[PDB]
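J.: Following this message is one structure expressed as structure tokens.
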Amino acid sequence: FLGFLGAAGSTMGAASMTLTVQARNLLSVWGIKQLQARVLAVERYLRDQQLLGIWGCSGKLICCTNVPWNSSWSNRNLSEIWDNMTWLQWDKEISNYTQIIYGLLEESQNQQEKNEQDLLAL
Amino acid sequence: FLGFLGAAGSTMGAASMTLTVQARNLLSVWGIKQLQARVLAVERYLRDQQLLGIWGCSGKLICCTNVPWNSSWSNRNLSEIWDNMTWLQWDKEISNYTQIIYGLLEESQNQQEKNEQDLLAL
Amino acid sequence: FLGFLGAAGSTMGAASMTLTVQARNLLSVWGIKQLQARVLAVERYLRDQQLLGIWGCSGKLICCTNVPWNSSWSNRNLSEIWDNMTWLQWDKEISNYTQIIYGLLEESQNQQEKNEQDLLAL
Amino acid sequence: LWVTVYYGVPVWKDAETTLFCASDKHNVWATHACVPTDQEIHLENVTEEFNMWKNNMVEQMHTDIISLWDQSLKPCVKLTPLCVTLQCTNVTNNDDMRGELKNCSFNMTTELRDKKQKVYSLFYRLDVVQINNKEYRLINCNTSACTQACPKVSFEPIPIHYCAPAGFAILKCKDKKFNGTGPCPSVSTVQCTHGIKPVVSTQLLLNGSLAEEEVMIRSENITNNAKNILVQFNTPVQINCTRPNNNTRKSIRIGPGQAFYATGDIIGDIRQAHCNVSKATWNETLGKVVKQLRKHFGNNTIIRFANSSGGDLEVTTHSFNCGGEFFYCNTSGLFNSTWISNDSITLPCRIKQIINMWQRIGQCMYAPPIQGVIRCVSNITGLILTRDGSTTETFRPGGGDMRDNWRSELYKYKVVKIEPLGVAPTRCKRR
Amino acid sequence: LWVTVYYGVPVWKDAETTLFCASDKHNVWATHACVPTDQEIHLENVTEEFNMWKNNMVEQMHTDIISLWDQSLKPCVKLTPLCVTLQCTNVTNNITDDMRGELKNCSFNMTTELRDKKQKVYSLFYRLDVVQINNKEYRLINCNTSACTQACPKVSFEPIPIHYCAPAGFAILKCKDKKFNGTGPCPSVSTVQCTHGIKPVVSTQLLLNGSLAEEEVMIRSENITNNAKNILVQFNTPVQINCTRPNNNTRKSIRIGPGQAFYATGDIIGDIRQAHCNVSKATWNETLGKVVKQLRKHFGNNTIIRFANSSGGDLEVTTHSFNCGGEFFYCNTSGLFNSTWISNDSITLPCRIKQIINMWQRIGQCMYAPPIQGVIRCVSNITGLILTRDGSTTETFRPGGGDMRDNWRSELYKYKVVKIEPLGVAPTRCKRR
Ligand SMILES: *[C@@H]1O[C@H](CO)[C@@H](O[C@@H]2O[C@H](CO)[C@@H](O[C@@H]3O[C@H](CO)[C@@H](O)[C@H](O)[C@@H]3O)[C@H](O)[C@H]2NC(C)=O)[C@H](O)[C@H]1NC(C)=O
Ligand SMILES: *[C@@H]1O[C@H](CO)[C@@H](O[C@@H]2O[C@H](CO)[C@@H](O)[C@H](O)[C@H]2NC(C)=O)[C@H](O)[C@H]1NC(C)=O
Ligand SMILES: *[C@@H]1O[C@H](CO)[C@@H](O[C@@H]2O[C@H](CO)[C@@H](O)[C@H](O)[C@H]2NC(C)=O)[C@H](O)[C@H]1NC(C)=O
Ligand SMILES: *[C@@H]1O[C@H](CO)[C@@H](O[C@@H]2O[C@H](CO)[C@@H](O)[C@H](O)[C@H]2NC(C)=O)[C@H](O)[C@H]1NC(C)=O
Ligand SMILES: *[C@@H]1O[C@H](CO)[C@@H](O[C@@H]2O[C@H](CO)[C@@H](O)[C@H](O)[C@H]2NC(C)=O)[C@H](O)[C@H]1NC(C)=O
Ligand SMILES: *[C@@H]1O[C@H](CO)[C@@H](O[C@@H]2O[C@H](CO)[C@@H](O)[C@H](O)[C@H]2NC(C)=O)[C@H](O)[C@H]1NC(C)=O
Ligand SMILES: *[C@@H]1O[C@H](CO)[C@@H](O[C@@H]2O[C@H](CO)[C@@H](O)[C@H](O)[C@H]2NC(C)=O)[C@H](O)[C@H]1NC(C)=O
Ligand SMILES: *[C@@H]1O[C@H](CO)[C@@H](O[C@@H]2O[C@H](CO)[C@@H](O)[C@H](O)[C@H]2NC(C)=O)[C@H](O)[C@H]1NC(C)=O
Ligand SMILES: *[C@@H]1O[C@H](CO)[C@@H](O[C@@H]2O[C@H](CO)[C@@H](O)[C@H](O)[C@H]2NC(C)=O)[C@H](O)[C@H]1NC(C)=O
Ligand SMILES: *[C@@H]1O[C@H](CO)[C@@H](O[C@@H]2O[C@H](CO)[C@@H](O)[C@H](O)[C@H]2NC(C)=O)[C@H](O)[C@H]1NC(C)=O
Ligand SMILES: *[C@@H]1O[C@H](CO)[C@@H](O)[C@H](O)[C@H]1NC(C)=O
Ligand SMILES: *[C@@H]1O[C@H](CO)[C@@H](O)[C@H](O)[C@H]1NC(C)=O
Ligand SMILES: *[C@@H]1O[C@H](CO)[C@@H](O)[C@H](O)[C@H]1NC(C)=O
Ligand SMILES: *[C@@H]1O[C@H](CO)[C@@H](O)[C@H](O)[C@H]1NC(C)=O
Ligand SMILES: *[C@@H]1O[C@H](CO)[C@@H](O)[C@H](O)[C@H]1NC(C)=O
Ligand SMILES: *[C@@H]1O[C@H](CO)[C@@H](O)[C@H](O)[C@H]1NC(C)=O
Ligand SMILES: *[C@@H]1O[C@H](CO)[C@@H](O)[C@H](O)[C@H]1NC(C)=O
Ligand SMILES: *[C@@H]1O[C@H](CO)[C@@H](O)[C@H](O)[C@H]1NC(C)=O
Ligand SMILES: *[C@@H]1O[C@H](CO)[C@@H](O)[C@H](O)[C@H]1NC(C)=O
Ligand SMILES: *[C@@H]1O[C@H](CO)[C@@H](O)[C@H](O)[C@H]1NC(C)=O
Ligand SMILES: *[C@@H]1O[C@H](CO)[C@@H](O)[C@H](O)[C@H]1NC(C)=O
Ligand SMILES: *[C@@H]1O[C@H](CO)[C@@H](O)[C@H](O)[C@H]1NC(C)=O
Ligand SMILES: *[C@@H]1O[C@H](CO)[C@@H](O)[C@H](O)[C@H]1NC(C)=O
Ligand SMILES: *[C@@H]1O[C@H](CO)[C@@H](O)[C@H](O)[C@H]1NC(C)=O
Ligand SMILES: *[C@@H]1O[C@H](CO)[C@@H](O)[C@H](O)[C@H]1NC(C)=O
Ligand SMILES: *[C@@H]1O[C@H](CO)[C@@H](O)[C@H](O)[C@H]1NC(C)=O
Ligand SMILES: *[C@@H]1O[C@H](CO)[C@@H](O)[C@H](O)[C@H]1NC(C)=O
């Protein structure tokens, strides 16, 4: 056990076994200021959980999806990503490709929603 | 792309392909006004997410359920519902039966929650 | 229909028929007193949904896990728990074993998260 | 056996939280700081432990009744100019109401800053303190300035329901022999409480809720004489007030837009203000109280009711509000009896206009005169007794702490926190 | 390779948020509203870019300290009836030569508890509080700018440590490097629940009761080559300074209205002596030697380091303005900064007391500090300096101050608020079935 953000400097493979530690800490003059800090924490948490549900990843911490990895985003191989890079370094590399990936996941699930809707119709 | 509420005049079949657009827009003296509106937006969002959870539809935008359609709620066939009406016209038609269906979906899931629960005990 | 907390005195078997009754009632300077109570209910509800999500139980009122029931927590047989005890009596008996069970459920899910993630790449 | 997680189990823990008001001419405890109302579910086989003496609704209601009191007094007149020197003479110069009054003349500010105003008013002797037609001054003038009780807000208590937020429930004890503590066999989950009128009074619980079958004695520790005894009647004892005088309210413009309402003249029936309690009804009510009070001290003990020991006028008298004017009744003929194993009782009441209500110093209030004759019909639904520290037990009336008044209405209620996430063994196994 | 969504990844970015107070008789910086405290996780392999001069915790703390200040001066007496003509003579009754014509024995007519009556009262006012109008007629120094709120007698000015704690979804990164100069990558970073006890000690030209450096004297400036930027020195060892107000002032309560009292200096019981501060001459000269050593690393080994006294301006910025015991001293530090450095005894700083205090540099807001009964003694720690360099092989450094944010920049230099971004996407051989 490392603690909150303990694996920030750890490799992506090693830091992915402690996702629960960071996940559980995202939810919980000194009056309204302290009260609006709690409402901001809930709204920030709820819009992240909404994104997971839209991508079909609701209730999951590691969600393998159907969107293929465009090599333009990152040409590195798996060995030097999950064993040589940390999540802070990785976020810097793909910070500009984040929004195009988010749209790809959003539409891919929307296609899967109608694909399973038609399969159940038979 | 049409935008938020853009498919309001589109037929029910065409407007059901843009659910992610409306879903992501439901979450985001004079200081409580801003703050109390935010808390009410979070509360309303959680009420609709709770309903989907107790119907077995959590994390889904299109959720095919086990509740049969009585035809006393609407005698129209699928051709004239998903290709002629819009979601606003449809909403004004089954508004009377909304709480009848909302009770059947909850009851069906609860029975289905235990039939699957009793199946794992074998 | 017994109502909210109606099955509080019923046996654990009969009280489990009505989990949705209590579930839907957990969510819904004088303005701040009301406003701060609303925020407390939201973040109290979300912490329980987050716990279910990290155990692989999100969106389910009854969730089956892969954690075997250590007899140290309670050695009473299945017949004298679901037909003789009420939920209030049960909570007082396993109150001190609650946190160790919570850690086991969290450790059981992320083990399944990685095992399914590994098996899905084959 | 495997762990299975149930969400929504009917499990609750004791909790302290902020309950919001609900209610169904502005008021002190107005509906503008409350919510419209709309219910009760019987929880069978549930035996919960209540404690009316460590209940946080009582402590919160005390804060809220105070808070709505101050919030209703800020927007109206502050009587800083009323600290002038008063040249007061007697009204009668000779048993009547007029022997309680001083005819005080003073210079008052006008709506124009540079002009004065020679005015007079009839002040009760309880509100003026002599300075050494003598020279007097208002009593709460070296401690604070008296914000005038605003004439358009009423002191009449309206019922308020304290309703629990989401995730909490209010447990109501339906047991009819429930004293204040221990298990309660019959429990219910109410959305929120019955209408609790915040009647402010001492030594007597005016109006409110009666007992169901017999007079109930409720003390935190009946063997401790430092703890008040909250008696609750089963049949109310009706008490009738009056101020027979036909008062004449007079308006003085002490500034731009600010008016000071003064007693200009007093005519009519000049008998002292009094309350009437039926002598037969009160005697049989003390008989019921004594019968239920020998159960805690013995059958052969001598139950004696004496009158209040001493202290402030707010604690030695049945202080209360009736018709917008504040009374302070003696209640020494009510509590005067020794009990061994058409007629009426008249309680002489004084009246004050400068009120330090919530046992505080530095925040007074000037209750303006009420035009006309004041008449009053209330139910004595309880008592607050103190015991004296021998075969004779003496029970003097008590009070002072306003929380014991609302502790008598919130004794049956309890706030719990729902714990909907519970784990239990089952033959399940996740696939 | 397919996109895989990970929730809860340890990723953050710079963000600004409203950190909430926490803290372990009332106080000005109310700890009753602050939540109770409880914590530190070391972050190996983490290098983080800090910047103490663009830190928003300092800007937020300045707003919070000011807001906690004037919200504690709302409920208590407003001294608008004290703006009257005072007929003041000099105290010459037992005065030392230093404190000659510094207390004035002012008599005036005050309002009584009774509106119509009048009250002839006298009080002792410092010369810094009264201005003459043409025994002579004086008036309080701030009666043509605003009316002054009497400092409430039950609230305490003593700094209580406060902990600024980040809300959920945010983290506070603490730089554990012992030679950090306030800017640049910090190779030893840890995550704390929230900051250590930061005492809001208000001071000038000297950072009192602060935190000491770990290894050596730390010199921190936004741009060391820019003279217009203040230089924050931090000592590794403290230099204790002994404050005192030798006068045995007597506090007298004047009833100026219904429910209102004005606390006036009755009479000093004894001889009139000047307030002063003592700093050890050996310790101060030793500390300046250490300061100069690390002050040569940015200006050269052959540079002549000269310490001069404050250039000029307000009394709050030309003097070591501080507060302890409830009285506000304005000490003259021209004896601490008087030396030139080339390649048992004590220093006494004559201080002056003032009662009408405007400290956040806001014209229009007073605070009348009531007299403190008895004799005041006070022992602090000089744990830093706020220096300013003059515009040659000789550099002249003069004490600075005024801007109160430099006092708290010396406590929040090692802290940083980041926002956790837990939603990360990475390639994997997964494929959703
Ligand atoms: C720097 O910190 C020191 C201590 O850490 C401060 O000195 C202390 O100041 C407080 C408040 O003025 C003193 O408490 C007072 O003590 C007197 C005498 O015991 C008592 O009559 C008062 O009621 C109050 O309790 C405390 O004694 C004192 N400690 C000493 C002098 O050793 C100093 O004020 C701080 N300087 C700042 C914040 O500029
Ligand atoms: C109202 O004010 C008048 C003055 O404006 C007061 O009359 C004065 O009383 C004093 C004695 O206290 C005399 O010495 C003055 O000669 C009086 N002035 C007159 C009569 O013009 C009067 O007493 C005040 N009334 C009160 C305080 O009730
Ligand atoms: C305000 O004035 C009243 C009246 O003079 C004070 O109460 C009196 O106190 C003395 C001294 O204990 C008693 O002998 C009197 O009987 C008291 N009078 C009444 C009517 O109670 C009171 O103490 C004063 N308050 C302050 C804060 O000075
Ligand atoms: C107890 O309750 C009675 C009944 O509500 C109160 O008497 C009423 O007071 C209002 C306002 O003064 C009048 O408009 C009603 O006509 C009164 N009713 C009767 C039957 O007289 C009484 O004031 C309450 N006692 C208190 C508040 O001490
Ligand atoms: C309250 O009633 C009592 C009793 O009537 C009054 O006080 C006593 O009265 C009896 C005779 O009526 C006297 O023998 C006592 O000496 C009285 N005790 C006193 C005056 O202390 C009392 O005056 C009434 N009013 C109050 C305010 O107590
Ligand atoms: C306090 O008030 C007194 C009385 O008003 C002042 O004494 C008078 O001042 C006037 C000034 O015009 C003189 O003409 C009188 O001769 C003074 N004496 C009397 C008995 O009236 C006194 O100066 C006031 N003090 C202050 C500091 O203003
Ligand atoms: C309020 O009055 C003070 C005192 O006169 C003013 O400060 C003085 O300003 C003059 C400039 O005309 C200087 O010569 C004096 O040295 C100042 N006095 C002190 C004690 O420094 C101040 O400017 C006035 N403020 C306002 C807003 O009118
Ligand atoms: C600061 O130091 C001065 C001396 O430089 C102290 O004054 C001396 O105090 C002692 C008593 O301890 C006397 O015997 C001496 O006569 C004093 N000398 C002078 C010149 O006054 C002073 O007390 C110190 N102040 C502190 C420590 O607060
Ligand atoms: C800064 O220091 C200078 C020199 O030490 C001070 O100026 C002189 O101080 C002497 C001290 O005896 C006085 O006699 C002179 O009259 C002062 N000169 C002038 C032009 O005022 C100066 O006062 C100090 N300033 C501060 C803010 O400490
Ligand atoms: C002045 O600074 C010194 C040195 O930091 C303080 O004394 C030390 O304080 C630490 C922190 O509690 C202790 O661990 C040491 O044991 C102390 N050393 C000694 C020799 O006492 C001192 O408390 C500071 N004084 C003030 C008033 O802040
Ligand atoms: C830091 O990096 C080294 C490099 O091998 C590694 O061994 C170590 O485990 C890392 N620390 C953490 C906390 O991950
Ligand atoms: C991959 O990214 C490039 C831009 O970086 C884009 O032009 C290309 O269309 C993308 N390919 C796919 C299959 O999305
Ligand atoms: C409106 O109706 C027309 C045909 O009637 C359709 O082509 C169009 O898409 C509709 N508008 C929207 C926004 O879908
Ligand atoms: C349809 O609803 C009616 C009542 O409106 C009910 O009687 C009927 O049984 C329902 N149909 C079915 C198939 O259940
Ligand atoms: C209480 O217990 C009885 C049998 O002991 C049972 O029939 C009843 O259903 C229980 N109450 C509730 C609310 O279930
Ligand atoms: C059950 O819990 C006890 C601790 O009370 C522990 O010693 C035992 O090993 C556990 N049984 C298991 C893990 O099978
Ligand atoms: C005024 O009344 C008091 C009490 O009633 C009395 O003591 C006093 O003598 C009276 N003053 C007169 C008659 O002048
Ligand atoms: C109140 O009643 C309960 C249950 O009968 C009893 O245990 C308790 O002792 C009573 N209260 C007192 C103060 O005796
Ligand atoms: C009280 O009773 C007396 C006679 O005993 C009567 O004169 C008076 O009017 C009554 N007052 C009230 C309010 O009933
Ligand atoms: C009180 O007054 C009512 C009428 O208002 C009357 O019927 C009743 O008899 C009176 N009771 C007493 C005790 O004065
Ligand atoms: C209680 O009654 C006695 C006489 O019986 C009296 O002297 C005393 O003042 C009374 N106390 C009160 C009414 O508080
Ligand atoms: C007193 O209570 C009775 C019923 O017990 C009620 O009819 C009457 O109106 C009440 N009087 C009041 C509240 O004044
Ligand atoms: C007080 O002394 C100072 C300095 O000696 C002098 O300037 C002032 O005029 C004197 N004032 C009086 C009222 O004597
Ligand atoms: C100030 O003058 C008053 C006049 O009554 C005198 O009592 C007081 O002692 C004087 N104070 C000093 C020290 O000058
Ligand atoms: C602080 O240190 C950083 C990194 O070594 C450096 O870039 C910067 O110039 C330094 N600042 C000063 C004022 O020396
Ligand atoms: C300050 O006073 C302390 C005692 O409180 C003493 O030990 C120290 O030497 C003094 N420092 C000075 C006078 O510089
Ligand atoms: C401070 O003291 C120094 C040396 O005694 C002196 O030069 C200077 O004038 C003093 N400050 C003031 C404002 O007089």
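In the structure tokens, chains take the letters A, B, ... in the order shown, each chain's residues start at 1, and ligands count up from 1 in the order shown.
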May I have the residues within 12 Å of ligand 12, computed using only C-alpha atoms and all ligand atoms, as a list in words?
T.: residues 67, 68, 69, 70, 71, 72, 73, 74, 75, 94, 96, 97, 98, 100, 101, 103, 104 and 105 of chain A; 2 of chain E
J.: Restricting it to N, CA and C atoms, dump the selection as a short mmCIF file (atom, residue, chain, number, x, y, z; two decimals), in the first residue's frame.
T.:
```
data_model
loop_
_atom_site.label_atom_id
_atom_site.label_comp_id
_atom_site.auth_asym_id
_atom_site.auth_seq_id
_atom_site.Cartn_x
_atom_site.Cartn_y
_atom_site.Cartn_z
N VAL A 67 -12.53 0.96 -29.71
CA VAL A 67 -11.89 1.95 -30.57
C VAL A 67 -10.43 1.56 -30.77
N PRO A 68 -9.99 1.33 -32.01
CA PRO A 68 -8.58 0.99 -32.24
C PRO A 68 -7.68 2.18 -31.96
N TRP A 69 -6.44 1.88 -31.61
CA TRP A 69 -5.47 2.92 -31.29
C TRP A 69 -4.83 3.41 -32.59
N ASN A 70 -5.25 4.60 -33.02
CA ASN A 70 -4.59 5.28 -34.13
C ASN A 70 -3.13 5.51 -33.80
N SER A 71 -2.24 4.97 -34.64
CA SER A 71 -0.81 5.09 -34.39
C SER A 71 -0.34 6.54 -34.40
N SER A 72 -1.12 7.44 -35.00
CA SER A 72 -0.78 8.86 -34.97
C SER A 72 -0.75 9.40 -33.55
N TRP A 73 -1.64 8.90 -32.69
CA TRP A 73 -1.69 9.38 -31.31
C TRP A 73 -0.39 9.08 -30.57
N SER A 74 0.13 7.87 -30.72
CA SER A 74 1.36 7.47 -30.04
C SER A 74 1.91 6.24 -30.74
N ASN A 75 3.11 6.36 -31.30
CA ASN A 75 3.73 5.26 -32.03
C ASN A 75 4.54 4.33 -31.12
N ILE A 94 -0.34 12.76 -24.90
CA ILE A 94 -1.62 12.68 -25.61
C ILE A 94 -2.62 13.70 -25.08
N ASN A 96 -3.34 16.54 -26.31
CA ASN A 96 -4.06 17.15 -27.43
C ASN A 96 -4.94 16.16 -28.19
N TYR A 97 -4.62 14.87 -28.13
CA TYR A 97 -5.44 13.84 -28.74
C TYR A 97 -6.55 13.34 -27.82
N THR A 98 -6.67 13.90 -26.62
CA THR A 98 -7.68 13.44 -25.68
C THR A 98 -9.09 13.67 -26.21
N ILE A 100 -10.27 14.10 -29.32
CA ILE A 100 -10.67 13.30 -30.47
C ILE A 100 -10.89 11.85 -30.06
N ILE A 101 -10.12 11.35 -29.09
CA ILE A 101 -10.36 10.00 -28.58
C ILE A 101 -11.70 9.94 -27.85
N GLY A 103 -14.44 11.63 -28.42
CA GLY A 103 -15.52 11.52 -29.39
C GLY A 103 -15.60 10.14 -30.02
N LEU A 104 -14.45 9.51 -30.24
CA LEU A 104 -14.44 8.16 -30.82
C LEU A 104 -15.09 7.15 -29.88
N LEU A 105 -14.81 7.25 -28.58
CA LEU A 105 -15.43 6.34 -27.63
C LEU A 105 -16.92 6.62 -27.49
N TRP E 2 -6.05 -1.33 -28.81
CA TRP E 2 -7.33 -0.65 -28.69
C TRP E 2 -7.30 0.30 -27.50
#
```
J.: Please return as a ChimeraX atom specification the residues found within 12 Å of ligand 19, counting only C-alpha atoms and all ligand atoms.
T.: /D:238-245,269-279,322,342-349,373-378
J.: Keeping N, CA and C atoms for every residue in the selection just given, could you write it to a file as a short mmCIF file (atom, residue, chain, number, x, y, z; two decimals), in the first residue's frame?
T.:
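Final output, saved to selection-v8.cif:
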```cif
data_model
loop_
_atom_site.label_atom_id
_atom_site.label_comp_id
_atom_site.auth_asym_id
_atom_site.auth_seq_id
_atom_site.Cartn_x
_atom_site.Cartn_y
_atom_site.Cartn_z
N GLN D 238 -58.23 24.85 31.68
CA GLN D 238 -58.40 26.10 30.96
C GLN D 238 -58.09 27.28 31.87
N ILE D 239 -57.31 28.23 31.37
CA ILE D 239 -56.92 29.42 32.11
C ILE D 239 -57.31 30.64 31.29
N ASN D 240 -58.00 31.58 31.92
CA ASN D 240 -58.50 32.79 31.25
C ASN D 240 -57.76 34.02 31.75
N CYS D 241 -57.22 34.79 30.81
CA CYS D 241 -56.41 35.98 31.08
C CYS D 241 -57.34 37.17 31.08
N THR D 242 -56.82 38.31 31.52
CA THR D 242 -57.42 39.55 31.06
C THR D 242 -56.54 40.71 31.48
N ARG D 243 -56.59 41.77 30.68
CA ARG D 243 -56.21 43.12 31.10
C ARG D 243 -57.44 43.98 30.94
N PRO D 244 -58.19 44.24 32.02
CA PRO D 244 -59.50 44.89 31.86
C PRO D 244 -59.44 46.31 31.32
N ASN D 245 -58.28 46.96 31.38
CA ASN D 245 -58.17 48.35 30.98
C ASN D 245 -58.45 48.52 29.49
N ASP D 269 -62.19 49.55 33.03
CA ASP D 269 -62.00 48.73 34.22
C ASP D 269 -60.52 48.71 34.60
N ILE D 270 -60.20 49.23 35.78
CA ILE D 270 -58.82 49.38 36.21
C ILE D 270 -58.42 48.28 37.19
N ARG D 271 -59.13 47.16 37.20
CA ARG D 271 -58.70 46.02 38.00
C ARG D 271 -57.38 45.49 37.46
N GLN D 272 -56.56 44.98 38.37
CA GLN D 272 -55.26 44.45 37.98
C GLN D 272 -55.44 43.28 37.03
N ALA D 273 -54.51 43.16 36.07
CA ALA D 273 -54.54 42.03 35.15
C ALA D 273 -54.46 40.72 35.93
N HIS D 274 -55.23 39.73 35.50
CA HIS D 274 -55.32 38.49 36.26
C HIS D 274 -55.63 37.34 35.32
N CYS D 275 -55.40 36.13 35.83
CA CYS D 275 -55.79 34.89 35.17
C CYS D 275 -56.67 34.08 36.10
N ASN D 276 -57.71 33.47 35.54
CA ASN D 276 -58.64 32.64 36.30
C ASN D 276 -58.45 31.18 35.91
N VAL D 277 -58.22 30.33 36.91
CA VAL D 277 -58.17 28.89 36.74
C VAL D 277 -59.26 28.30 37.62
N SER D 278 -60.08 27.42 37.05
CA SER D 278 -61.18 26.83 37.80
C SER D 278 -60.64 26.09 39.02
N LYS D 279 -61.22 26.37 40.18
CA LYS D 279 -60.71 25.80 41.42
C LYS D 279 -61.01 24.31 41.51
N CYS D 322 -49.85 37.01 25.75
CA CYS D 322 -51.25 36.79 25.42
C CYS D 322 -51.86 38.07 24.85
N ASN D 342 -67.84 26.13 39.94
CA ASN D 342 -68.24 27.52 39.83
C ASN D 342 -67.15 28.45 40.36
N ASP D 343 -66.50 28.03 41.44
CA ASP D 343 -65.45 28.83 42.05
C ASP D 343 -64.21 28.84 41.16
N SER D 344 -63.37 29.86 41.35
CA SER D 344 -62.23 30.08 40.47
C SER D 344 -61.05 30.59 41.29
N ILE D 345 -59.86 30.41 40.73
CA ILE D 345 -58.61 30.88 41.33
C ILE D 345 -58.09 32.03 40.49
N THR D 346 -57.91 33.19 41.11
CA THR D 346 -57.49 34.40 40.42
C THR D 346 -56.01 34.65 40.69
N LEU D 347 -55.21 34.70 39.63
CA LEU D 347 -53.77 34.90 39.76
C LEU D 347 -53.42 36.32 39.37
N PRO D 348 -52.94 37.15 40.29
CA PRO D 348 -52.60 38.53 39.93
C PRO D 348 -51.37 38.57 39.02
N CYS D 349 -51.54 39.18 37.85
CA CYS D 349 -50.49 39.23 36.85
C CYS D 349 -50.01 40.66 36.66
N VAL D 373 -59.11 46.19 25.17
CA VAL D 373 -59.13 45.19 26.24
C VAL D 373 -58.57 43.89 25.69
N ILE D 374 -57.71 43.24 26.47
CA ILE D 374 -57.08 41.99 26.07
C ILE D 374 -57.75 40.83 26.80
N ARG D 375 -58.13 39.80 26.04
CA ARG D 375 -58.79 38.63 26.62
C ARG D 375 -58.08 37.40 26.07
N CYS D 376 -58.15 36.30 26.81
CA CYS D 376 -57.20 35.20 26.74
C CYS D 376 -57.88 33.90 27.11
N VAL D 377 -57.72 32.87 26.28
CA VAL D 377 -58.19 31.53 26.60
C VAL D 377 -57.10 30.55 26.21
N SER D 378 -56.52 29.88 27.20
CA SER D 378 -55.43 28.94 26.97
C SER D 378 -55.71 27.65 27.72
#
```
J.: I'd like to know which residues of stretch 322-422 of chain D are strand (DSSP E or B) (by DSSP, run on the backbone); could you write them as a PyMOL selection string?
T.: chain D and resi 322+325-329+337-339+344-352+354-355+365-366+372-387+392-397+413-418+421-422
J.: Based on only C-alpha atoms, which of the residues in chain A come within 9 Å of chain B? I want them as an MDAnalysis selection string.
T.: chainID A and resid 32 35:36 39:40 42:43 46:47 50:59 106:107 110:111 113:114 117 120
J.: Counting only C-alpha atoms and all ligand atoms, what are the residues, protein, DNA or RNA alike, that approach ligand 15 to within 10 Å? I want them as a list in words.
T.: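 Going residue by residue within 10 Å of ligand 15, we get residues 1, 2, 3, 5, 6, 7, 8, 9, 10, 11, 12, 14, 15, 84 and 86 of chain C; 41, 42, 43, 44, 45 and 46 of chain D.
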